[PDB]
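S.K.: Following this message is one structure expressed as structure tokens.
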Amino acid sequence: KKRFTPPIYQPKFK
Amino acid sequence: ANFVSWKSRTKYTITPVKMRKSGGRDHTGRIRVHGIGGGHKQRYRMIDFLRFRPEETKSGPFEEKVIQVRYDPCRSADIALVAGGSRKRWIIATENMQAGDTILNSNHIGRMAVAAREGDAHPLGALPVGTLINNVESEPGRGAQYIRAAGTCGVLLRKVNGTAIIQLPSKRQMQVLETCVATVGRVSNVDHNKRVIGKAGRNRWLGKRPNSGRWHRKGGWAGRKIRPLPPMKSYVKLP
Amino acid sequence: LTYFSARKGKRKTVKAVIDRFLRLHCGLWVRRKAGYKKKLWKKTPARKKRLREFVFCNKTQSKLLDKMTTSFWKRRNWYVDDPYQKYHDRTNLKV
Amino acid sequence: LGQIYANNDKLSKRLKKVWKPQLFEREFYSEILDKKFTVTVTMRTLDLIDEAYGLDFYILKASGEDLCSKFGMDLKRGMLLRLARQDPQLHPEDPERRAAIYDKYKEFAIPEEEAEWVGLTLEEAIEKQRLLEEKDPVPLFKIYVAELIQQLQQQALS
RNA sequence: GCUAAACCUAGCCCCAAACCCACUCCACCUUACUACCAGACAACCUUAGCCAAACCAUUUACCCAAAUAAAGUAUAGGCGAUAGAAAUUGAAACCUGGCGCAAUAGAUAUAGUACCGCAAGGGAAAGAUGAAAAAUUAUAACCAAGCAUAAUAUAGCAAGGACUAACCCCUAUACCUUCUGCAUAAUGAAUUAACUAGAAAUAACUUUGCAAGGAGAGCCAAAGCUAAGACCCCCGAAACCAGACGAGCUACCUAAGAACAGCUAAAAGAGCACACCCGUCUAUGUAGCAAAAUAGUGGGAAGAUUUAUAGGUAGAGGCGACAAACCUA
RNA sequence: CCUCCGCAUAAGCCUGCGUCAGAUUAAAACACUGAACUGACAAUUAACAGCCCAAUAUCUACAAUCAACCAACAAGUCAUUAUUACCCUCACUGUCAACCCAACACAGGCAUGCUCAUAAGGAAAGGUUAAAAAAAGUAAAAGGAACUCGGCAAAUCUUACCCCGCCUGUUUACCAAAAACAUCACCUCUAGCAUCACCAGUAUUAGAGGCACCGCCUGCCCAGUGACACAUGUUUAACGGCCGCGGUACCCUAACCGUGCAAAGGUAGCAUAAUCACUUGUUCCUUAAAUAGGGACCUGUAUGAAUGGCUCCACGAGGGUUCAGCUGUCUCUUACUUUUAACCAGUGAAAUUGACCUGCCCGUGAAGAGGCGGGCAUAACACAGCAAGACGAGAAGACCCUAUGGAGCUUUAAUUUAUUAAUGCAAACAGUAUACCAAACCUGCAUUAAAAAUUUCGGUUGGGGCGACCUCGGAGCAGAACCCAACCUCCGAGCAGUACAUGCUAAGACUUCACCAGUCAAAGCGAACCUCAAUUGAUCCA
Ligand SMILES: [Mg+2]
Ligand SMILES: [Mg+2]
Ligand SMILES: [Mg+2]
Ligand SMILES: [Mg+2]
Ligand SMILES: [Mg+2]
Ligand SMILES: [Mg+2]
Ligand SMILES: [Mg+2]
Ligand SMILES: [Mg+2]
Ligand SMILES: [Mg+2]
Ligand SMILES: [Mg+2]
Ligand SMILES: [Mg+2]
Ligand SMILES: [Mg+2]
Ligand SMILES: [Mg+2]
Ligand SMILES: [Mg+2]
Ligand SMILES: [Mg+2]
Ligand SMILES: [Mg+2]
Ligand SMILES: [Mg+2]
Ligand SMILES: [Mg+2]
Ligand SMILES: [Mg+2]
Ligand SMILES: [Mg+2]
Ligand SMILES: [Mg+2]
Ligand SMILES: [Mg+2]
Ligand SMILES: [Mg+2]
Ligand SMILES: [Mg+2]
Ligand SMILES: [Mg+2]
Ligand SMILES: [Mg+2]
Ligand SMILES: [Mg+2]
Ligand SMILES: [Mg+2]
Ligand SMILES: [Mg+2]
Ligand SMILES: [Mg+2]
Ligand SMILES: [Mg+2]
Ligand SMILES: [Mg+2]
Ligand SMILES: [Mg+2]
Ligand SMILES: [Mg+2]
Ligand SMILES: [Mg+2]
Ligand SMILES: [Mg+2]
Ligand SMILES: [Mg+2]
Ligand SMILES: [Mg+2]
Ligand SMILES: [Mg+2]
Ligand SMILES: [Mg+2]
Ligand SMILES: [Mg+2]
Ligand SMILES: [Mg+2]
Ligand SMILES: [Mg+2]
Ligand SMILES: [Mg+2]
Ligand SMILES: [Mg+2]
Ligand SMILES: [Mg+2]
Ligand SMILES: [Mg+2]
Ligand SMILES: [Mg+2]
């Protein structure tokens with residue numbers, strides 16, 4: 001199939 | 001699902017009441033009848049199907065007068081408002097009914113038959129054998145339900161002693177009590193099957209979605225069934 | 001065999017071992033040869049007599065049957081009319 | 001709401017089956033209350049009524065763990081109150097019938113202070129206890145003038 | 001010596017005891033944080049499932065009545081992996097701590113804060129001088145990974161043997177593993193600091209004590225009984241059920257509105273063509289403007305067209321002009 | 001210089017480039033000081049849209065489109081009456097902005113009015129040189145598609161032929177936008193009918209299905225399935241199917257006859273086609289050169305008449321070819337501008353890294369060596385371009401195989417009808433002269449069509465399926481005690497011809513490399529005086 005992974009955003013504290 | 005019906009009028013009137021389309025949505029909201037949805041806005045007319053009805057402080061027969069023949073989008077046949085007395089009620093029009101006509105709504109059954117026209121209405125007990133009738137009832141004082149489309153008509157077969165067998169357009173026999181009022185003649189707006197559609201725009205305007213695109217394999221019910229005529233259903237209650 | 005139960009936390013036994021074997025106090029298990037009651041018309045009388053004998057087990061089999069049981073089945077019973085009473089104690093043993 | 005196997009064997013499929021009792025909408029006649037009621041009675045209830053020789057006996061003899069219904073407890077409490085308060089059941093001009101009815105049901109006679117709390121639930125009992133223990137707050141002016149007159153009488157009579 | 005390293009207290013877990021609480025005035029069931037108007041309908045229901053029996057369809061402690069021996073005994077159980085009582089002697093009221101810890105440990109918590117989605121929900125690091133900061137003083141410095149101080153000097157898994165001196169002379173194919181055989185061009189790795197991975201029964205071995213008896217009721221015994229020591233890992237999937245959430249993007253429907261210059265207008269679900277609906281191809285980028293863009297060549301553009309507002313159809317399903325297409329990347 | 005923009009309304013957190021001090025530090029991709037700031041000062045005042053309507057009964061069929069001719073069909077967006085009671089009156093929500101949804105100050109998206117370019121609004125360029133490479137723009141001596149599978153950006157403006165689909169349209173949001181799904185025409189089946197969609201409808205109607213107009217037509221079948229009658233039958237435009245051989249004159253393709261089967265032994269049509277391999281078919285044309293394209297043939301043994309067969313009026317971002325004229329795709333590339341390229345000023349990554357003091361050849365190794373042997377090679381350190389290698393970077397490969405790890409689809413693979421309609425029985429009502437009738441609504445048992453509550457899909461297979469096998473014995477491999485395998489080559493066995501002392505106990509051994517199993521036998525009581533080589537079946541339960 002059409003394999004795809006969504007990106008993950010880090011918290012806005014670093 | 002706040003689904004409320006638009007049939008909120010317990011009094012008969014003449015002004016066309018606005019109706020709301022459904023598209024196959026019941027009280028839950030799921031589509032249960034496919035092929036309905038998206039059409040041109042229409043207005044509902046309160047059509048009085050009961051032919052003979054006495055007015056206030058009335059009992060005997062009364063005369064009527066056809067005024068103007070219009071059209072009803074809720075059905076195939078056309079309607080025509082017929083005035084008479086001190087009230088006006090919508091009834092189903094018949095063939096060869098124009099402006100300035102005179103019709104009779106009688107009820108007294110006579111000894112012999114009555115050579116009525118194709119506009120007036122009389123009980124089945126005073127009609128000759130072999131007469132094209134329409135809008136036949138099932139119970140005395142119930143209302144016309146059978147044979148009400150465009151051009152449909154029935155012919156009287158025979159009489160026994162208190163019943164009246166009426167030949168239905170489906171080639172099926174059906175008897176009814178003698179004290180039932182039925183109209184005489186054929187319904188207007190003939191040649192309805194010859195109406196060429198032309199394009200899908202007409203079907204979309206009428207409010208009919210296209211059929212499903214899934215290829216269904218025909219089972220065992222797709223073959224031709226050469227079956228005999230079903231027996232005559234009786235509505236006369238016998239003790 | 002459930003080494004630790006959920007109510008008492010003890011050790012459970014296998015009732016099949018008790019119903020199919022018989023442990024003696026010396027450390028031997030008495031069993032029965034299978035097929036001693038089925039299809040006896042095609043077997044020689046010598047085989048029929050051999051199948052109807054109390055045969056002892058081996059070492060690994062006895063160890064397995066002991067591990068499948070607890071300390072209750074490894075005691076010494078003193079029945080009134082025990083036909084296997086003379087087989088509990090084993091004399092004349094030199095390593 | 002139980003479970004039933006297939007062909008009455010545990011080596012098949014465990015299906016679920018719920019039995020329903022039979023309901024016969026009949027009509028009775030209570031002698032203590034003198035009023036007919038339409039109750040969808042079953043068969044075991046009719047058998048118990050026939051064995052108890054009437055409906056009033058079946059209602060008054062069976063305890064709360066046998067009726068399994070609120071209407072039964074209400075009828076029991078009503079009959080107990082009618083037998084305790086000695087209220088005129090029918091009407092005057094013929095007290096012999098009422099006397100015979102009261103004499104027929106004399107092997108119980110629960111007092112009035114205990115028959116009013118028969119069949120009531122917890123919420124109804126709490127509501128009744130709150131209504132009995134309502135009492136609008138009495139103004140403190142009456143208590144103050146009572147204490148004042150008591151004090152003046154005590155200091156004057158001495 | 002710059003970067004940066006340690007400085008204990010909010011307290012955190014379980015015991016014994018004790019049963020623990022909820023309006024200062026206003027607002028809180030409609031668009032909660034809204035002072036003020038005419039259909040009163042709203043609960044009373046076998047939980048299921050995973051695993052195990054090397055599959056799995058019977059079965060699988062979890063059921064909320066104090067210990068123990070009976071006893072894992074009779075029993076139930078594709079009589080098999082397992083489950084499991086009862087009858088019976090019996091069950092000494094009252095005392096304020098940690099052979100646990102100190103911010104990567106201990107509750108996630110200074111806090112259910114920021115942040116993500118319309119929504120249920122998920123959810124993380126924080127604070128170090130001092131008696132006198134109303135002592136802004138002069139000091140206390142010294143250790144890891146990164147740097148200058150103080151770059152390179154021919155030759156070679158960075159190493160060893162060595163001489164008066166770094167190289168020059170000789171030898172020598174990184175580390176753990178599935179593998180007979182691995183540095184192989186197979187797998188893992190940039191370092192430092194903190195954390196992380198062998199928990200336990202019947203039967204066995206050794207050493208005290210007593211002894212035909214041992215043992216603080218119950219159990220065993222033709223040299224036995226009691227006690228102690230000794231022992232059996234971690235992390236990583238697709239699947240199923242139960243309780244709640246979504247049609248604001250997209251599929252369909254409903255009620256009230258808006259949009260389409262100009263020319264040819266053959267009467268038209270006509271043509272070209274603005275704005276508008278979708279995107280057949282070229283070129284640019286794939287950590288870009290963008291988790292799907294840029295101009296034309298494109299089809300439609302008086303209707304089977306598009307759109308602002310409000311409502312409904314949801315998983316044992318919704319919808320479907322049928323792509324197994326869509327249901328918040 | 002642009003304006004493909006701006007101003008308002010609609011939706012949206014509400015204070016988000018006004019002043020003051022700090023501007024030493026902190027966010028501007030660098031600075032001034034300010035659209036990525038700390039504290040204090042206060043903007044917006046309604047007439048704009050809302051915040052709405054006292055009841056009892058009754059009334060409202062001649063559209064809009066300048067609505068006046070005409071003409072319709074999709075049959076349509078706007079109105080009151082009689083009675084009772086009511087003369088207190090201007091309160092409330094916002095009027096700022098450079099602003100919303102996408103993690104952002106993003107070349108993305110947003111509904112209507114206004115002049116469709118103006119009176120709204122902004123700057124492609126930081127500087128230095130003109131490296132190579134790449135992208136966007138003008139044209140070129142001769143050929144104008146001769147390069148490429150194909151007219152693939154590009155400008156001239158372009159005709160005819162074939163297939164497919166009637167057309168418009170829509171579908172795989174994000175690699176296929178199509179011949180794919182739909183559309184009017186046609187055909188089949190079901191239903192005698194009143195309140196919640198179907199339908200406020202009536203057998204010219206409604207629902208369930210197959211192709212999809214107009215022209216020629218749809219020839220056969222209930223042996224098998226289902227459906228309808230339970231009359232043994234009907235149904236196929238319901239699931240599906242319409243032969244083979246021999247005799248057959250000179251040559252294929254046969255006229256005809258015989259034979260066996262069955263519902264008929266391919267009807268019409270069309271084509272070497274979107275059509276199994278033979279197939280680059282005979283042949284004509286388009287080119288000088290043509291498995292490209294069109295025309296007449298079916299041995300098409302596998303096309304075929306609603307799984308519909310073919311021309312035809314119009315059309316297609318669907319798939320292929322060509323004619324008159326032209327485009328640097330090429331022979332053979334070139335002249336300029338911008339992005340970009342090289343240096344200066346700063347913010348400043350991502351993937352990736354065992355350490356490197358890192359050259360080549362021959363040969364070897366886990367089979368492709370810069371680190372191993374022998375040779376060749378060698379002062380050190382940066383900048384500017386290309387890819388030959390370091391089996392270089394991104395995804396525990398989507399292709400092959402294993403898994404008693406899953407999921408989707410379809411059943412004539414397994415437990416069962418848990419929910420309908422039909423049935424038969426039992427209780428529940430009421431009449432009825434030793435007999436019949438069993439109405440409307442509840443309960444339990446068993447059956448028939450739809451759903452379903454669950455599951456698995458054995459093993460070796462010189463990679464897997466197909467080929468072959470699934471237990472045991474013998475002959476050589478294994479030669480003279482014993483054991484030893486192959487998908488190495490051969491015979492077989494699932495029994496038998498005759499008496500039941502083919503009775504009961506009891507020392508000692510072999511043991512198919514373990515166990516479960518099998519076999520011989522001293523002696524006694526009892527009695528007159530056993531053959532063959534494998535020749536077979538355990539637990540539970542009955
Ligand atoms: Mg159709
Ligand atoms: Mg279809
Ligand atoms: Mg399992
Ligand atoms: Mg007990
Ligand atoms: Mg912490
Ligand atoms: Mg934490
Ligand atoms: Mg250091
Ligand atoms: Mg060297
Ligand atoms: Mg290690
Ligand atoms: Mg591995
Ligand atoms: Mg290998
Ligand atoms: Mg390696
Ligand atoms: Mg590997
Ligand atoms: Mg690596
Ligand atoms: Mg919507
Ligand atoms: Mg659609
Ligand atoms: Mg058009
Ligand atoms: Mg157009
Ligand atoms: Mg499909
Ligand atoms: Mg404003
Ligand atoms: Mg984004
Ligand atoms: Mg300006
Ligand atoms: Mg520049
Ligand atoms: Mg040129
Ligand atoms: Mg060419
Ligand atoms: Mg082109
Ligand atoms: Mg098309
Ligand atoms: Mg696509
Ligand atoms: Mg689309
Ligand atoms: Mg596309
Ligand atoms: Mg089609
Ligand atoms: Mg046919
Ligand atoms: Mg072919
Ligand atoms: Mg060509
Ligand atoms: Mg199109
Ligand atoms: Mg620079
Ligand atoms: Mg080696
Ligand atoms: Mg080499
Ligand atoms: Mg290497
Ligand atoms: Mg792998
Ligand atoms: Mg296996
Ligand atoms: Mg499995
Ligand atoms: Mg499973
Ligand atoms: Mg599933
Ligand atoms: Mg296999
Ligand atoms: Mg093979
Ligand atoms: Mg052996
Ligand atoms: Mg002998």
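As shown in the structure tokens, the chain order sets the letters A, B, ...; within each chain, residues go from 1, and ligands are also counted from 1 in the order they appear.
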Could you list the residues in chain A lying within 9 Å of chain E, using only C-alpha atoms (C1' of nucleotides), and format the result as a VMD selection string?
M.R.: chain A and resid 5 to 7 9 to 14
S.K.: Any idea what's packed within 12 Å of residue 3 of chain A, counting only C-alpha atoms (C1' of nucleotides), ignoring anything in its chain fewer than 3 positions away? Could you give it as a PyMOL selection string?
M.R.: (chain A and resi 6) or (chain F and resi 174+395+398)
S.K.: Residues at most 10 Å from ligand 45, using only C-alpha atoms (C1' of nucleotides) and all ligand atoms? Could they come as a PDB file with N, CA and C atoms (P, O5', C5', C4', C3', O3' and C1' of nucleotides), in the first residue's frame?
M.R.:
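Result file out20.pdb:
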```pdb
ATOM      1  P     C F 401       7.173 -17.581  -1.872  1.00  0.00           P
ATOM      2  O5'   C F 401       8.016 -18.158  -0.648  1.00  0.00           O
ATOM      3  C5'   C F 401       8.707 -19.393  -0.756  1.00  0.00           C
ATOM      4  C4'   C F 401       9.562 -19.663   0.459  1.00  0.00           C
ATOM      5  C3'   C F 401       8.835 -19.711   1.795  1.00  0.00           C
ATOM      6  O3'   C F 401       8.198 -20.951   2.046  1.00  0.00           O
ATOM      7  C1'   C F 401      10.753 -18.354   2.001  1.00  0.00           C
ATOM      8  P     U F 402       6.969 -21.034   3.081  1.00  0.00           P
ATOM      9  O5'   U F 402       7.646 -20.867   4.515  1.00  0.00           O
ATOM     10  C5'   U F 402       8.465 -21.891   5.061  1.00  0.00           C
ATOM     11  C4'   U F 402       8.836 -21.611   6.497  1.00  0.00           C
ATOM     12  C3'   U F 402       7.684 -21.316   7.446  1.00  0.00           C
ATOM     13  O3'   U F 402       7.027 -22.487   7.902  1.00  0.00           O
ATOM     14  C1'   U F 402       9.401 -19.726   7.776  1.00  0.00           C
ATOM     15  P     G F 458      -1.329 -25.395   6.062  1.00  0.00           P
ATOM     16  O5'   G F 458      -1.154 -26.289   7.369  1.00  0.00           O
ATOM     17  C5'   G F 458      -1.689 -27.603   7.430  1.00  0.00           C
ATOM     18  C4'   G F 458      -0.714 -28.572   8.050  1.00  0.00           C
ATOM     19  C3'   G F 458       0.554 -28.839   7.254  1.00  0.00           C
ATOM     20  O3'   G F 458       1.543 -27.842   7.441  1.00  0.00           O
ATOM     21  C1'   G F 458      -0.382 -30.893   7.946  1.00  0.00           C
ATOM     22  P     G F 459       2.603 -27.523   6.276  1.00  0.00           P
ATOM     23  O5'   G F 459       3.680 -28.688   6.405  1.00  0.00           O
ATOM     24  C5'   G F 459       4.435 -28.857   7.597  1.00  0.00           C
ATOM     25  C4'   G F 459       5.254 -30.122   7.557  1.00  0.00           C
ATOM     26  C3'   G F 459       6.179 -30.277   6.361  1.00  0.00           C
ATOM     27  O3'   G F 459       7.401 -29.574   6.516  1.00  0.00           O
ATOM     28  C1'   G F 459       4.968 -32.280   6.684  1.00  0.00           C
ATOM     29  P     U F 460       8.118 -28.905   5.244  1.00  0.00           P
ATOM     30  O5'   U F 460       8.987 -30.088   4.622  1.00  0.00           O
ATOM     31  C5'   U F 460      10.106 -30.615   5.318  1.00  0.00           C
ATOM     32  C4'   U F 460      10.815 -31.670   4.506  1.00  0.00           C
ATOM     33  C3'   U F 460      11.175 -31.278   3.080  1.00  0.00           C
ATOM     34  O3'   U F 460      12.378 -30.531   3.007  1.00  0.00           O
ATOM     35  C1'   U F 460      10.160 -33.417   3.084  1.00  0.00           C
ATOM     36  P     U F 461      12.400 -29.083   2.312  1.00  0.00           P
ATOM     37  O5'   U F 461      12.242 -29.396   0.758  1.00  0.00           O
ATOM     38  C5'   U F 461      13.068 -30.362   0.114  1.00  0.00           C
ATOM     39  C4'   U F 461      12.352 -31.026  -1.036  1.00  0.00           C
ATOM     40  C3'   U F 461      12.173 -30.160  -2.280  1.00  0.00           C
ATOM     41  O3'   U F 461      12.228 -30.987  -3.441  1.00  0.00           O
ATOM     42  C1'   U F 461      10.050 -30.778  -1.433  1.00  0.00           C
ATOM     43  P     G F 464      12.045 -25.863  -1.404  1.00  0.00           P
ATOM     44  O5'   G F 464      10.590 -25.244  -1.602  1.00  0.00           O
ATOM     45  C5'   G F 464       9.808 -24.840  -0.487  1.00  0.00           C
ATOM     46  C4'   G F 464       8.542 -24.148  -0.925  1.00  0.00           C
ATOM     47  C3'   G F 464       7.612 -24.962  -1.814  1.00  0.00           C
ATOM     48  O3'   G F 464       6.766 -25.826  -1.074  1.00  0.00           O
ATOM     49  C1'   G F 464       7.930 -22.818  -2.758  1.00  0.00           C
TER      50        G F 464
END
```
S.K.: Report as a count of residues only which protein, DNA and RNA residues come within 12 Å of ligand 48, using only C-alpha atoms (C1' of nucleotides) and all ligand atoms.
M.R.: 8
S.K.: Please identify all polymer residues within 12 Å of segment 202-208 of chain B, counting only C-alpha atoms (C1' of nucleotides), omitting same-chain residues fewer than 3 positions from it, and present them as an MDAnalysis selection string.
M.R.: (chainID B and resid 21:24 33:42 73:76 195:199 211) or (chainID E and resid 253 269 303:304 321) or (chainID F and resid 73:75 183:184)
S.K.: Would you list the residues that come within 9 Å of ligand 44? Count only C-alpha atoms (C1' of nucleotides) and all ligand atoms and give the answer as an MDAnalysis selection string.
M.R.: (chainID E and resid 239:240) or (chainID F and resid 406:408)
S.K.: Please produce a file of those selected residues containing N, CA and C atoms (P, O5', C5', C4', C3', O3' and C1' of nucleotides), as a PDB file, in the first residue's frame.
M.R.:
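To be explicit, this is the file written out as selection.pdb:
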```pdb
ATOM      1  P     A E 239      -3.590  -4.257  12.927  1.00  0.00           P
ATOM      2  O5'   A E 239      -4.040  -5.686  13.470  1.00  0.00           O
ATOM      3  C5'   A E 239      -5.276  -5.851  14.148  1.00  0.00           C
ATOM      4  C4'   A E 239      -5.533  -7.297  14.493  1.00  0.00           C
ATOM      5  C3'   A E 239      -6.744  -7.559  15.374  1.00  0.00           C
ATOM      6  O3'   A E 239      -7.959  -7.590  14.646  1.00  0.00           O
ATOM      7  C1'   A E 239      -4.885  -8.744  16.223  1.00  0.00           C
ATOM      8  P     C E 240      -9.180  -6.636  15.068  1.00  0.00           P
ATOM      9  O5'   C E 240      -9.773  -7.324  16.378  1.00  0.00           O
ATOM     10  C5'   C E 240     -10.425  -8.584  16.311  1.00  0.00           C
ATOM     11  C4'   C E 240     -10.941  -9.007  17.664  1.00  0.00           C
ATOM     12  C3'   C E 240     -11.760  -7.967  18.412  1.00  0.00           C
ATOM     13  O3'   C E 240     -13.114  -7.932  17.995  1.00  0.00           O
ATOM     14  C1'   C E 240     -10.141  -8.895  19.866  1.00  0.00           C
TER      15        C E 240
ATOM     16  P     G F 406      -3.057 -16.091  16.083  1.00  0.00           P
ATOM     17  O5'   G F 406      -3.135 -14.982  14.945  1.00  0.00           O
ATOM     18  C5'   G F 406      -4.382 -14.513  14.456  1.00  0.00           C
ATOM     19  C4'   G F 406      -4.292 -13.064  14.051  1.00  0.00           C
ATOM     20  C3'   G F 406      -5.344 -12.585  13.065  1.00  0.00           C
ATOM     21  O3'   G F 406      -6.569 -12.254  13.696  1.00  0.00           O
ATOM     22  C1'   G F 406      -3.205 -11.861  12.359  1.00  0.00           C
ATOM     23  P     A F 407      -7.965 -12.694  13.037  1.00  0.00           P
ATOM     24  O5'   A F 407      -8.204 -11.613  11.892  1.00  0.00           O
ATOM     25  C5'   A F 407      -8.234 -10.225  12.192  1.00  0.00           C
ATOM     26  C4'   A F 407      -8.148  -9.395  10.938  1.00  0.00           C
ATOM     27  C3'   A F 407      -9.060  -9.828   9.802  1.00  0.00           C
ATOM     28  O3'   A F 407     -10.382  -9.339   9.944  1.00  0.00           O
ATOM     29  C1'   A F 407      -6.877  -9.506   8.968  1.00  0.00           C
ATOM     30  P     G F 408     -11.616 -10.147   9.308  1.00  0.00           P
ATOM     31  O5'   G F 408     -11.657  -9.648   7.796  1.00  0.00           O
ATOM     32  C5'   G F 408     -11.724  -8.265   7.489  1.00  0.00           C
ATOM     33  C4'   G F 408     -11.528  -8.018   6.015  1.00  0.00           C
ATOM     34  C3'   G F 408     -12.389  -8.856   5.085  1.00  0.00           C
ATOM     35  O3'   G F 408     -13.701  -8.343   4.938  1.00  0.00           O
ATOM     36  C1'   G F 408     -10.152  -8.899   4.332  1.00  0.00           C
TER      37        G F 408
END
```
S.K.: Go through the chains and note each residue within 12 Å of ligand 20, using only C-alpha atoms (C1' of nucleotides) and all ligand atoms, then give the set as a list in words.
M.R.: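 Counting only C-alpha atoms (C1' of nucleotides) and all ligand atoms, the residues within 12 Å of ligand 20 come out as residues 7, 8, 9, 44, 48, 94, 95, 96 and 97 of chain F.
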S.K.: How far is it from atom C1' of residue 441 of chain F to atom CA of residue 30 of chain D, in Å with one decimal?
M.R.: 26.4 Å
S.K.: Distance cut-off 8 Å, counting only C-alpha atoms (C1' of nucleotides) - which residues of chain D neighbour chain E? Return them as a list in words.
M.R.: residues 1, 2, 3, 10, 11, 12, 13 and 16 of chain D
S.K.: Would you list the residues that come within 9 Å of ligand 12? Count only C-alpha atoms (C1' of nucleotides) and all ligand atoms and give the answer as a list in words.
M.R.: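 I would give the residues around ligand 12 as residues 182, 183, 184, 185, 186 and 187 of chain E.
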S.K.: Can you pull out every residue with an atom within 12 Å of ligand 46? Use only C-alpha atoms (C1' of nucleotides) and all ligand atoms and format it as a list in words.
M.R.: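 Listed by chain and ascending number, the contacts are residues 460, 461, 462, 463, 464, 465, 466, 467, 468 and 487 of chain F.
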S.K.: Show me which residues sit within 12 Å of ligand 9 when counting only C-alpha atoms (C1' of nucleotides) and all ligand atoms, and put them as a list in words.
M.R.: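 Residues satisfying the distance criterion: residues 175, 176 and 177 of chain E.
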S.K.: Would you list the contacts of segment 37-42 of chain D as a PyMOL selection string, taking every protein, DNA or RNA residue within 10 Å and counting only C-alpha atoms (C1' of nucleotides), but skipping same-chain residues closer than 3 positions in sequence?
M.R.: chain D and resi 21-30+34+45-47+71
S.K.: I need the chosen residues saved as a PDB file, in the first residue's frame, with C-alpha atoms.
M.R.:
```pdb
ATOM      1  CA  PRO D  21     -43.187 -16.028  31.826  1.00  0.00           C
ATOM      2  CA  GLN D  22     -46.720 -16.140  30.467  1.00  0.00           C
ATOM      3  CA  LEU D  23     -49.016 -13.147  30.978  1.00  0.00           C
ATOM      4  CA  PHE D  24     -52.821 -13.371  31.162  1.00  0.00           C
ATOM      5  CA  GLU D  25     -54.594 -10.014  31.497  1.00  0.00           C
ATOM      6  CA  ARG D  26     -57.396 -10.959  33.900  1.00  0.00           C
ATOM      7  CA  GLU D  27     -59.577  -9.086  36.398  1.00  0.00           C
ATOM      8  CA  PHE D  28     -59.842  -9.614  40.159  1.00  0.00           C
ATOM      9  CA  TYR D  29     -62.038  -8.299  42.971  1.00  0.00           C
ATOM     10  CA  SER D  30     -60.632  -7.381  46.380  1.00  0.00           C
ATOM     11  CA  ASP D  34     -64.100  -3.311  47.269  1.00  0.00           C
ATOM     12  CA  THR D  45     -50.030 -16.491  41.049  1.00  0.00           C
ATOM     13  CA  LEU D  46     -53.489 -17.843  40.199  1.00  0.00           C
ATOM     14  CA  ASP D  47     -52.547 -21.205  41.719  1.00  0.00           C
ATOM     15  CA  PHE D  71     -48.377  -3.139  43.889  1.00  0.00           C
TER      16      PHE D  71
END
```
S.K.: Let me see if you get this right: every residue at most 8 Å from ligand 26, counting only C-alpha atoms (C1' of nucleotides) and all ligand atoms, written as a list in words.
M.R.: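 Every residue with an atom at most 8 Å from ligand 26 is listed here: residues 281 and 297 of chain E; 151, 152, 153 and 154 of chain F.
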S.K.: Quick one: of F:365, F:254, F:472, F:383, who's nearest to ligand 37, counting only C-alpha atoms (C1' of nucleotides) and all ligand atoms?
M.R.: F:365
S.K.: Near residue 78 of chain B, counting only C-alpha atoms (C1' of nucleotides), which residues have an atom at most 8 Å away, once you skip same-chain residues fewer than 4 positions from it, shown as a list in words?
M.R.: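 The neighbour list is residues 69, 70, 71, 72, 92, 93, 150, 188 and 189 of chain B.
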S.K.: All residues within 10 Å of ligand 6 are required, counting only C-alpha atoms (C1' of nucleotides) and all ligand atoms; please report them as number ranges by chain.
M.R.: E: 103-104, 107-109, 124-125
